[PDB]
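Undergrad: Next comes model.txt, compact mmCIF, C-alpha atoms:
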```txt
# COMPACT_ATOMS: atom_id res chain seq x y z
CA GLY A 1 106.57 111.58 103.52
CA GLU A 2 109.51 110.59 101.35
CA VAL A 3 111.22 108.43 103.99
CA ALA A 4 108.02 106.53 104.80
CA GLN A 5 107.30 106.08 101.09
CA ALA A 6 110.82 104.73 100.47
CA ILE A 7 110.44 102.24 103.31
CA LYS A 8 107.13 101.16 101.72
CA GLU A 9 109.10 100.44 98.52
CA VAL A 10 111.41 98.22 100.55
CA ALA A 11 108.36 96.35 101.83
CA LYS A 12 107.06 95.90 98.26
CA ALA A 13 110.43 94.56 97.09
CA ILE A 14 110.57 92.08 99.98
CA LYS A 15 107.11 90.82 98.90
CA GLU A 16 108.68 90.21 95.47
CA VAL A 17 111.30 88.06 97.18
CA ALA A 18 108.56 86.05 98.91
CA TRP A 19 106.83 85.44 95.58
CA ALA A 20 110.10 84.38 93.94
CA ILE A 21 110.65 81.90 96.77
CA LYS A 22 107.12 80.54 96.23
CA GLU A 23 108.20 80.02 92.60
CA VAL A 24 111.13 77.96 93.88
CA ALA A 25 108.78 75.75 95.92
CA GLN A 26 106.62 75.30 92.84
CA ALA A 27 109.64 74.31 90.73
CA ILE A 28 110.69 71.70 93.30
CA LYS A 29 107.14 70.25 93.27
CA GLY A 30 107.12 70.11 89.45
CA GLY B 1 116.41 113.61 100.42
CA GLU B 2 119.60 111.61 100.78
CA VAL B 3 118.15 109.19 103.34
CA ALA B 4 115.03 108.44 101.23
CA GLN B 5 117.12 107.96 98.08
CA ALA B 6 119.47 105.57 99.90
CA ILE B 7 116.47 103.58 101.14
CA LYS B 8 115.20 103.42 97.53
CA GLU B 9 118.56 101.89 96.62
CA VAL B 10 117.93 99.19 99.21
CA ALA B 11 114.55 98.46 97.61
CA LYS B 12 116.14 98.16 94.17
CA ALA B 13 118.84 95.83 95.50
CA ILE B 14 116.14 93.65 97.07
CA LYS B 15 114.44 93.43 93.66
CA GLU B 16 117.73 92.06 92.32
CA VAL B 17 117.58 89.38 95.01
CA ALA B 18 114.04 88.49 93.92
CA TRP B 19 115.17 88.14 90.31
CA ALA B 20 118.12 85.96 91.28
CA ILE B 21 115.74 83.68 93.19
CA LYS B 22 113.55 83.48 90.05
CA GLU B 23 116.61 82.20 88.22
CA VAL B 24 117.05 79.48 90.86
CA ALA B 25 113.43 78.43 90.30
CA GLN B 26 114.08 78.23 86.57
CA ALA B 27 117.28 76.25 87.17
CA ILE B 28 115.28 73.74 89.22
CA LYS B 29 112.49 73.56 86.61
CA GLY B 30 115.14 72.72 84.03
CA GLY C 1 125.50 112.20 105.59
CA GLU C 2 126.61 109.29 107.71
CA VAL C 3 123.18 107.65 107.93
CA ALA C 4 122.54 107.82 104.19
CA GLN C 5 126.02 106.45 103.49
CA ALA C 6 125.48 103.57 105.87
CA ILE C 7 122.18 102.72 104.19
CA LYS C 8 124.00 102.71 100.83
CA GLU C 9 126.37 100.13 102.33
CA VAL C 10 123.33 98.01 103.17
CA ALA C 11 122.18 98.25 99.53
CA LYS C 12 125.62 97.20 98.28
CA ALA C 13 125.63 94.19 100.60
CA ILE C 14 122.18 93.13 99.40
CA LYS C 15 123.53 93.21 95.82
CA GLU C 16 126.25 90.81 97.00
CA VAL C 17 123.48 88.50 98.22
CA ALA C 18 121.85 88.61 94.75
CA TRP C 19 125.15 87.68 93.07
CA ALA C 20 125.60 84.74 95.45
CA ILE C 21 122.11 83.45 94.69
CA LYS C 22 122.92 83.58 90.95
CA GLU C 23 125.90 81.35 91.76
CA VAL C 24 123.42 78.92 93.30
CA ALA C 25 121.32 78.98 90.11
CA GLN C 26 124.41 78.28 88.02
CA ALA C 27 125.50 75.48 90.39
CA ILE C 28 122.09 73.86 89.91
CA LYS C 29 122.24 74.31 86.12
CA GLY C 30 125.72 72.81 86.34
CA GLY D 1 126.97 108.22 115.27
CA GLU D 2 125.31 105.26 116.92
CA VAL D 3 122.51 104.91 114.35
CA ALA D 4 124.88 104.99 111.37
CA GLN D 5 127.22 102.51 113.11
CA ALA D 6 124.27 100.18 113.81
CA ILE D 7 123.20 100.31 110.15
CA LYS D 8 126.77 99.45 109.14
CA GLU D 9 126.48 96.37 111.37
CA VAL D 10 123.38 95.37 109.38
CA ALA D 11 125.44 95.69 106.19
CA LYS D 12 128.16 93.49 107.68
CA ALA D 13 125.59 90.89 108.67
CA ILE D 14 124.11 90.87 105.15
CA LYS D 15 127.64 90.21 103.83
CA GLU D 16 127.69 87.09 106.00
CA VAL D 17 124.42 85.94 104.40
CA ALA D 18 126.05 86.38 100.98
CA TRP D 19 129.01 84.25 102.04
CA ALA D 20 126.69 81.57 103.40
CA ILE D 21 124.82 81.44 100.07
CA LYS D 22 128.18 80.98 98.36
CA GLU D 23 128.68 77.95 100.65
CA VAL D 24 125.36 76.54 99.45
CA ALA D 25 126.53 77.00 95.84
CA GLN D 26 129.75 75.15 96.67
CA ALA D 27 127.78 72.34 98.28
CA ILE D 28 125.64 71.95 95.17
CA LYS D 29 128.65 71.99 92.83
CA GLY D 30 130.29 69.57 95.27
CA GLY E 1 119.68 104.81 122.20
CA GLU E 2 116.61 102.68 121.56
CA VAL E 3 116.64 103.08 117.78
CA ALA E 4 120.32 102.20 117.44
CA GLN E 5 119.80 99.20 119.78
CA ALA E 6 116.81 98.00 117.75
CA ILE E 7 118.86 98.22 114.55
CA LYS E 8 121.61 96.15 116.26
CA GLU E 9 118.91 93.55 116.95
CA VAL E 10 118.15 93.44 113.22
CA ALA E 11 121.85 92.89 112.51
CA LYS E 12 121.93 90.00 115.00
CA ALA E 13 118.82 88.44 113.47
CA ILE E 14 120.40 88.62 110.03
CA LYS E 15 123.47 86.78 111.38
CA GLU E 16 121.05 84.03 112.44
CA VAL E 17 119.88 83.84 108.83
CA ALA E 18 123.50 83.44 107.69
CA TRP E 19 123.97 80.58 110.20
CA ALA E 20 120.72 78.96 109.06
CA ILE E 21 121.86 79.08 105.44
CA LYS E 22 125.13 77.38 106.44
CA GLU E 23 123.00 74.54 107.82
CA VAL E 24 121.40 74.21 104.38
CA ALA E 25 124.86 73.97 102.83
CA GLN E 26 125.92 71.30 105.33
CA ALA E 27 122.67 69.40 104.76
CA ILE E 28 123.32 69.41 101.01
CA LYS E 29 126.88 68.22 101.58
CA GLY E 30 125.51 65.39 103.72
CA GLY F 1 109.12 104.47 121.07
CA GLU F 2 107.08 103.38 118.07
CA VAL F 3 109.97 103.54 115.60
CA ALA F 4 112.24 101.41 117.79
CA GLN F 5 109.33 99.05 118.45
CA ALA F 6 108.64 98.66 114.71
CA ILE F 7 112.31 97.94 114.07
CA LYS F 8 112.14 95.28 116.80
CA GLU F 9 109.23 93.70 114.87
CA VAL F 10 111.49 93.57 111.81
CA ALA F 11 114.14 91.76 113.89
CA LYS F 12 111.48 89.29 115.08
CA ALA F 13 110.35 88.60 111.54
CA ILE F 14 113.95 88.06 110.38
CA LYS F 15 114.36 85.43 113.12
CA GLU F 16 111.26 83.68 111.72
CA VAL F 17 113.02 83.61 108.34
CA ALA F 18 116.06 82.01 110.01
CA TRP F 19 113.86 79.28 111.51
CA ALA F 20 112.23 78.62 108.16
CA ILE F 21 115.65 78.18 106.54
CA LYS F 22 116.57 75.67 109.29
CA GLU F 23 113.34 73.84 108.37
CA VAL F 24 114.61 73.67 104.79
CA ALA F 25 117.84 72.18 106.13
CA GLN F 26 115.90 69.48 108.08
CA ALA F 27 113.91 68.69 104.94
CA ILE F 28 117.11 68.17 102.97
CA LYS F 29 118.62 66.04 105.75
CA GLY F 30 115.37 64.08 105.83
CA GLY G 1 103.32 107.48 112.75
CA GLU G 2 104.01 107.02 109.06
CA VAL G 3 107.63 105.88 109.46
CA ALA G 4 106.80 103.32 112.17
CA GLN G 5 103.84 102.07 110.12
CA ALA G 6 106.05 101.65 107.04
CA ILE G 7 108.59 99.70 109.06
CA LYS G 8 105.76 97.47 110.30
CA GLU G 9 104.95 96.85 106.62
CA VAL G 10 108.57 95.70 106.11
CA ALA G 11 108.16 93.35 109.09
CA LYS G 12 104.94 91.92 107.61
CA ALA G 13 106.66 91.40 104.26
CA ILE G 14 109.54 89.57 105.92
CA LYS G 15 107.00 87.22 107.54
CA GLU G 16 105.74 86.45 104.02
CA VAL G 17 109.33 85.51 103.12
CA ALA G 18 109.42 83.14 106.09
CA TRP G 19 106.12 81.51 105.09
CA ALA G 20 107.37 81.11 101.51
CA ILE G 21 110.53 79.41 102.76
CA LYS G 22 108.36 77.00 104.75
CA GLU G 23 106.72 76.10 101.45
CA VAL G 24 110.16 75.32 100.06
CA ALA G 25 110.83 73.07 103.06
CA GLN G 26 107.49 71.32 102.61
CA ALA G 27 108.18 70.88 98.89
CA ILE G 28 111.52 69.19 99.59
CA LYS G 29 110.05 66.97 102.30
CA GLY G 30 107.32 65.77 99.94
```
Any chance you could give the structure as structure tokens?
TA:
Amino acid sequence: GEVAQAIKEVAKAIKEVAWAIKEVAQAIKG
Amino acid sequence: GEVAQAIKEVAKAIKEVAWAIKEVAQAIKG
Amino acid sequence: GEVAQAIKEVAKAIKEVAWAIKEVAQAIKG
Amino acid sequence: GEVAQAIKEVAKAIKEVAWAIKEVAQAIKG
Amino acid sequence: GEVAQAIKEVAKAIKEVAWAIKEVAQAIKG
Amino acid sequence: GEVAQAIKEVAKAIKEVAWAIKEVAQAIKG
Amino acid sequence: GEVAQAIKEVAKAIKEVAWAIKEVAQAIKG
């Protein structure tokens, strides 16, 4: 369904946030 | 539907947050 | 509809979060 | 409606996160 | 209703995030 | 209901994010 | 149901955000 699929897109985008934060940790480490 | 499309807007906004966090990582790396 | 409109407000607020994080990147670059 | 009003509260809370991130930016520029 | 109440719980949790971020700002000011 | 229960899981996860951000604050204070 | 399952996916993604922030904390501490 379209509402479920849209919520799945929100989940995917939040995973992108997690990855970007892992990039921040990596930057801090060098 | 209007609810699904609005939820898609949330996903896109969250992607913008991920990108902004990538810029923080790059700021730290520099 | 009221639910869709409210969800759009959530999207707009998340964009505000992205802009604030960019300020953090610029502060670091500072 | 109660669901729309609750979602608007989520939006309001996300605005507070944005303000808090602005405080982090100020602290860094500090 | 249970859905509206659950969404209010999300709003409250997000406020906790805003408070946590303020602690980061204060730590940086330290 | 399952939808309310899933939304409660989202609130629980957001609280975990708040705790992690407090951990960042301790690390900075460190 | 598909909507509840999608929301659970959002919850799981938010947990990934929390774990990533813990990596940021550990990076700062080290």
Undergrad: Could you produce a table of the residues of chain F lying within 12 Å of range 7-14 of chain A, with the nearest pair of atoms per residue and their separation in Å rounded to one decimal, using all atoms listed in the file, ordered by chain and increasing residue number, as a tab-separated table?
TA:
```
residue	atom	partner	partner_atom	distance
F:7	CA	A:7	CA	11.7
F:10	CA	A:11	CA	10.8
F:14	CA	A:14	CA	11.7
```
Undergrad: May I ask for the distance between CA of residue 24 in chain B and CA of residue 24 in chain A, given in Å to one decimal place?
TA: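 Separating CA of residue 24 in chain B from CA of residue 24 in chain A is a distance of 6.8 Å.
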Undergrad: After a least-squares superposition on chain G over all sequentially paired C-alpha atoms, what is chain F as an mmCIF file with C-alpha atoms, keeping the file's coordinate frame?
TA:
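Okay, selection-v1.cif is ready:
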```cif
data_model
loop_
_atom_site.group_PDB
_atom_site.id
_atom_site.type_symbol
_atom_site.label_atom_id
_atom_site.label_comp_id
_atom_site.auth_asym_id
_atom_site.auth_seq_id
_atom_site.Cartn_x
_atom_site.Cartn_y
_atom_site.Cartn_z
ATOM 1 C CA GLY F 1 103.293 107.537 112.682
ATOM 2 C CA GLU F 2 103.895 106.895 108.997
ATOM 3 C CA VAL F 3 107.552 105.923 109.400
ATOM 4 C CA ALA F 4 106.797 103.380 112.129
ATOM 5 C CA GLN F 5 103.839 102.125 110.093
ATOM 6 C CA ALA F 6 106.020 101.656 106.988
ATOM 7 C CA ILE F 7 108.593 99.762 109.036
ATOM 8 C CA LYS F 8 105.767 97.535 110.304
ATOM 9 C CA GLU F 9 104.908 96.796 106.642
ATOM 10 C CA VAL F 10 108.519 95.699 106.144
ATOM 11 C CA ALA F 11 108.171 93.329 109.125
ATOM 12 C CA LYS F 12 104.954 91.936 107.608
ATOM 13 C CA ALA F 13 106.631 91.339 104.274
ATOM 14 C CA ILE F 14 109.587 89.593 105.949
ATOM 15 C CA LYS F 15 107.126 87.212 107.642
ATOM 16 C CA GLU F 16 105.716 86.418 104.176
ATOM 17 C CA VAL F 17 109.262 85.508 103.115
ATOM 18 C CA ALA F 18 109.515 83.178 106.132
ATOM 19 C CA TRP F 19 106.290 81.421 105.107
ATOM 20 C CA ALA F 20 107.523 81.026 101.551
ATOM 21 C CA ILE F 21 110.728 79.393 102.804
ATOM 22 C CA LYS F 22 108.614 76.965 104.887
ATOM 23 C CA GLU F 23 106.750 76.177 101.641
ATOM 24 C CA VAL F 24 110.107 75.310 100.078
ATOM 25 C CA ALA F 25 110.750 72.996 103.024
ATOM 26 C CA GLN F 26 107.368 71.223 102.496
ATOM 27 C CA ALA F 27 108.186 70.838 98.804
ATOM 28 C CA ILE F 28 111.487 69.168 99.648
ATOM 29 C CA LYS F 29 109.825 66.915 102.238
ATOM 30 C CA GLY F 30 107.186 66.096 99.636
#
```
Undergrad: Provide the CA of residue 16 in chain C to CA of residue 1 in chain A distance in Å, to one decimal place.
TA: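 The value is 29.3 Å.
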Undergrad: Provide the CA of residue 18 in chain F to CA of residue 4 in chain E distance in Å, to one decimal place.
TA: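 Distance reported for this atom pair: 21.9 Å.
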Undergrad: If you count all atoms listed in the file, which residues fall within 12 Å of residue 28 in chain A, apart from same-chain ones fewer than 6 positions away, as a count of residues only?
TA: 17
